[PDB]
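From first to last, the protein sequence lines are chains A and B. Taking our numbering, the leading residue of the first sequence gets 1, the next gets one more, and so forth. Taking our numbering, the leading residue of the second sequence gets 387, the next gets one more, and so forth.
There are 2 protein chains.
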Amino acid sequence: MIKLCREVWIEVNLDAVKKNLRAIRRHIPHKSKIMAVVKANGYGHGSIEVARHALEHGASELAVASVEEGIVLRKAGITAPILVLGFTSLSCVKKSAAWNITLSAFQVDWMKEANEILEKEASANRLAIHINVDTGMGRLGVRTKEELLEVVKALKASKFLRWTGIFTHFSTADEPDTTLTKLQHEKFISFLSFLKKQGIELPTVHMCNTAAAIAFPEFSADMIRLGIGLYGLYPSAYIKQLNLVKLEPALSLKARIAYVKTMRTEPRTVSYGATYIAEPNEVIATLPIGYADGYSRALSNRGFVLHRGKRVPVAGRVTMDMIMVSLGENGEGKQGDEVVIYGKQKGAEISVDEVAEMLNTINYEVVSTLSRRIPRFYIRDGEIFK
Amino acid sequence: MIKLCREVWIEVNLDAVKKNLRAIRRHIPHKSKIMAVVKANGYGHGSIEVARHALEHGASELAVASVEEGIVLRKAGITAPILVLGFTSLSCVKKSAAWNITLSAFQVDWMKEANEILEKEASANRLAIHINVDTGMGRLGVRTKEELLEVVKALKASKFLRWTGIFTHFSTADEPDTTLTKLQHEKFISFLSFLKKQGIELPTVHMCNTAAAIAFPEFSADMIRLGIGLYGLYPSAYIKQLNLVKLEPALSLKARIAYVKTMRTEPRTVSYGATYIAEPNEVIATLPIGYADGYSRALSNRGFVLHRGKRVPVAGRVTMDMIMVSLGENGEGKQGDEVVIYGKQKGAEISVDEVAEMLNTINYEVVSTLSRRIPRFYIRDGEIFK
Ligand SMILES: [Cl-]
Ligand SMILES: [Cl-]
C-alpha cells in the first residue's frame, strides 16, 4: 500500500470535511455565503487539496495570512476570490493586482499611495480592498465612526481601487459570558447605520467566525468565515456542549515500528540522560518520529501511542528524529507493525484535544505545528492519493 | 534591501559557521576527520547552504536523518559521502544505491535480502554500509559480541554490499558525572578487539558527538560527528563551563512593526479572551509572527522582543499569525520599525538559550521547530544573499 524510506505519515479524510460543510449550511440563513479559511498550510492539513474540495462543496471564497500563501493557490489553478487577513506592505501592491489577490486596508495614507503606485503604471487591473473595523479585538482596524468615514471618502476617490467588503472580529464568542459579544455587535451596527444616513451603499458585510456562526446565526449578515470547524474541531468545550451541530475530525498521524529487542544484556538504560532503566524481560520498540516533526519534547515519559488497540507509554526522553516505547515483559510485536499517534485504532482513540489538554494549550496549536517533512495522504470516497 | 509582503525573516551568519569549525579542528587530534550533521533542515538553519560551506572549510562527510534528506543534497551538486543515521526500509535499497547514500544497518537478515535485491539487477552500484553497535543508548544497533560476529560475516560474504564504517553513540556525555560514558567506551573497545583476534581488518571508527569531542578529545579515533556546535550553540550549560572552545551563534529572527495606536476610545480589550486591558494613554504595536511560525503560545503575557534597544513585553494572548506588544504610556514608535525576536540589537540580547530556559526545554528544540514558511537569508563576508 504505502511505501516510505522513513515510515511516518499523515492521513487527511476529505469525506469528513464535506460533512462538516453540510452541517454548517443547514444551520445558517440561506442568503449568507461561506468563506473557507486555509491560512498556515490549511491549519497544518495541507492547503491545496482542502481549498479544492471546499470550493466544490459550499464555500465561495478563501482566506489566507499573506500574499505568498495565496500565490501557492493560484499556481495550482484556483480562480476564486482570496482575502489576505494580515497587513501587506506597499512593496507588493503591483504584485497583488497582477495575481488578482484581495487585501485588507484601513488607513487613509495607505489608500492614497496604493492608488498612486497603480496610477503611475497605467494598470488595467483594479486592486480589490476590504475595510477592517476594530470593535474590541485591539489587533488591526479603524476605531471611531468619524475616521472610518475619511477612509470611505478616500477609498471612493481612488479610481484604481475597488471596495468589495467590510468586516470585524469577535474576541470572546466561545465563552459562556456573552456580554462583550453583544456590545461589539451593537457598535458595529451603529457605524453602518451612520454610513447609511449619508447615501453610502455598503458592500458585503461579515463578522462571524466558527463559534459565532454556531451560537448566533442571526449575525450571519451576508457571509461567514469558517475556520477550525471545517477541519472538524470545536472552538471550545462550551460550544461543543450546546449540542447544536455535529462535526467529524479529519486528521490522523501514523507510523511503523523500526526495531524490536529484549533488554537482556547490561546496561539497560534507555535514551539521553538515562531517565529510564528497563527489566531483563522487557521489550522495547523504536519509532521514527521526534520533536523536530512537532511531537513536543514535553511528552517525555508522559504520552502514549496505540499498538494493537492498546495504549502504550513513551520510555525515556523524546529525541529529534525518534521515540522509544515499552511493550512490557515478554511483550508482543514485530518490526513493521502499524502504530497510531493521533487518531483511532481498533476500539481506541487518542484525540488532538487530549494531547492539547496534556500540554496546556488549544487544538489550533497542535495541528498547525506539524512539520512539512512529513508526507500527507488524502482519502476521498474511502481511497488514497498523493 | 529586504523586501517582503509579510515582513518576518531569519538571518544565518556563515562567517560564524567557519569560525566554529576552525575551533573544533584545532581541538581534536590532527589525524581525525569531521563529519558534519545537517539533518532536520540543518537544525532549522537550512541544509543546502550550511553543508556547501562546511565541506569547503574543514569537513569531509555529512550525516542526515533519511534518504529523502540526502537526495536533496545530491540534487544541489554535492558529491561527498552521505550517511543515514536512522533506520531505512528495505523498499529503498535500490534508490539508495542509485543515489550513492551510505546506509546504517545491524541485522544479519536485512543484509542478505539487500544483497539479493542488487543481485537481480546488475548495475555497478555497490551499496555502502555502516554498522551500528548499541552500548547504552538503547535506540538502534546490535548488543552482543557473538551477534556482531555473525553480522560481520554475513556482510563480508555479500558481493554487492561494501563495508565502510562502524560506530556507537554516547547518551550522557554532556553531564559532569562521567561514569556511564567510560563504561560505554570500554564495551566498544573490547568488541572491536574481539574482531581483531579472528583475523578481521577494520574500517573507519567513529563514536564522538559535540560534547564528546570537547570533553574527551582522545576518543576521536578516525572520525567525529559535529552537530549543535556547528551552529554556534553548546550541548549543556556544563560544557559551556569547562571553557575549552569558543563558539559564536549563527541565527537570529526579526520582523517589522505593522501598526501603532493609542487606546483612547472604548473598549480597551486586547486579543482573544480579553486577558489584557490598556490605559487610555497606552500605545499598542502589532507584529507579524504567531504560534504557527513556531513562536510558542506559552509566551502569552510572558515573552519579550527588542524595539530600539530595549525589551518591551507581549500583551494578551499569542494568535496564529500575529502578536501585540505594549510600548507603554507616552508611546514612541512608527509603522515599519525593525524588531529583533531572537538575537542582538545595540547592546541588548534575547538569546535562544534564554527562551528555552523560560519554556523548560533545550536549545535544540527552539531552533529546529522554526517553520519553513519563514524565509532564510545568508551573510558571508559581510554581504547578503539567498
Ligand atoms: Cl484583526
Ligand atoms: Cl542510536
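Ideal Cβ placement from N, Cα and C applies to all residues, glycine included.
Contact test: residue i Cβ vs ligand 2 heavy atom, cutoff 7 Å
{"i": "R759/B", "result": "no"}
{"i": "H555/B", "result": "yes"}
{"i": "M324/A", "result": "no"}
{"i": "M523/B", "result": "yes"}
CA-to-CA distance, residue j to residue i, given in whole angstroms
{"i": "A97/A", "j": "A114/A", "result": "11 Å"}
{"i": "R611/B", "j": "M593/B", "result": "8 Å"}
{"i": "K75/A", "j": "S89/A", "result": "22 Å"}
{"i": "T369/A", "j": "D707/B", "result": "12 Å"}
{"i": "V711/B", "j": "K112/A", "result": "28 Å"}
{"i": "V528/B", "j": "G77/A", "result": "51 Å"}
{"i": "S123/A", "j": "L148/A", "result": "27 Å"}
{"i": "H307/A", "j": "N360/A", "result": "26 Å"}
{"i": "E218/A", "j": "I101/A", "result": "30 Å"}
{"i": "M263/A", "j": "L637/B", "result": "41 Å"}
{"i": "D222/A", "j": "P81/A", "result": "16 Å"}
{"i": "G42/A", "j": "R373/A", "result": "16 Å"}
{"i": "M421/B", "j": "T465/B", "result": "14 Å"}
{"i": "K425/B", "j": "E69/A", "result": "26 Å"}
{"i": "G729/B", "j": "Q584/B", "result": "55 Å"}
CB of residue i within 8 Å of CB of residue j, strictly
{"i": "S296/A", "j": "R317/A", "result": "no"}
{"i": "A742/B", "j": "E735/B", "result": "no"}
{"i": "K334/A", "j": "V283/A", "result": "no"}
{"i": "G58/A", "j": "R26/A", "result": "no"}
{"i": "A671/B", "j": "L713/B", "result": "yes"}
{"i": "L103/A", "j": "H53/A", "result": "no"}
{"i": "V691/B", "j": "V725/B", "result": "yes"}
{"i": "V64/A", "j": "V84/A", "result": "yes"}
{"i": "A644/B", "j": "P666/B", "result": "no"}
Chain-order list of residues whose beta-carbon lies under 7 Å from that of residue i (same chain, five-residue window excluded)
{"i": "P235/A", "result": "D174, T210, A211, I228"}
{"i": "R762/B", "result": "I396, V398, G432"}
{"i": "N406/B", "result": "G615, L616, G618, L633, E634"}
{"i": "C92/A", "result": "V67"}
{"i": "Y291/A", "result": "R297, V318, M320"}
Within chain A, the residues that residue i reaches when beta carbons sit closer than 7 Å
{"i": "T530/B", "result": "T265"}
{"i": "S475/B", "result": "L4, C5, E7"}
{"i": "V656/B", "result": "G138"}
{"i": "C478/B", "result": "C5"}
Interface partners of residue i on chain A, CB under 9 Å
{"i": "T747/B", "result": "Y291, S296, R297, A298"}
{"i": "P699/B", "result": "Near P699/B there are no residues of chain A at all, since even the closest Cβ is about 15 Å away, more than 9 Å."}
Cβ-heavy atom distance, residue i to ligand 1, below 7 Å
{"i": "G141/A", "result": "yes"}
{"i": "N13/A", "result": "no"}
{"i": "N132/A", "result": "yes"}
Same chain, Cβ closer than 8 Å to residue i, neighbours up to 5 away in sequence not counted
{"i": "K626/B", "result": "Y620"}
{"i": "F188/A", "result": "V133, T135, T168, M207"}
{"i": "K772/B", "result": "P761, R762, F763, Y764"}
{"i": "residue 464/A", "result": "As shown, chain A starts at 1 and ends at 386. That puts residue 464/A outside it, with no answer to give."}
{"i": "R548/B", "result": "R512, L513, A514, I515"}
{"i": "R697/B", "result": "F690, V691, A734, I736"}
Close-in-space but distant-in-sequence residues of the same chain around residue i (CB under 6 Å, 5 per side omitted)
{"i": "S446/B", "result": "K419"}
Chain-ordered chain B contacts of residue i [CB-CB under 7 Å]
{"i": "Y364/A", "result": "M706"}
{"i": "residue 388/A", "result": "Residue 388/A lies beyond the range of chain A shown here (1 to 386); nothing can be said about it."}
{"i": "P288/A", "result": "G472, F473"}
{"i": "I214/A", "result": "Those within 7 Å of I214/A in chain B number zero; the least Cβ separation is about 17 Å."}
Proximal residues of chain B, C-beta to C-beta of residue i below 8 Å
{"i": "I34/A", "result": "The contacting residues do not exist; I34/A stays about 20 Å from chain B at best."}
{"i": "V67/A", "result": "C391, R392"}
{"i": "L180/A", "result": "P653, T655, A660"}
Cross-chain neighbours of residue i in chain B, by beta carbon under 9 Å
{"i": "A40/A", "result": "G676, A678, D679, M706, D707, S757, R759"}
{"i": "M324/A", "result": "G524, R525"}
{"i": "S171/A", "result": "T655, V656, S657, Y658, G659, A660"}
{"i": "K261/A", "result": "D520, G524, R529"}
Partners in chain A for residue i, counting only beta-carbon separations shorter than 8 Å
{"i": "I464/B", "result": "Going along chain A, no residue has its Cβ under 8 Å from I464/B, so there is no contact; the nearest lies around 19 Å."}
{"i": "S754/B", "result": "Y291, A292, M320"}
{"i": "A644/B", "result": "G86, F87, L140"}
{"i": "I765/B", "result": "Under the 8 Å cutoff, chain A gives no residues; its nearest Cβ is about 22 Å from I765/B."}
{"i": "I670/B", "result": "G138"}
{"i": "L569/B", "result": "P267"}
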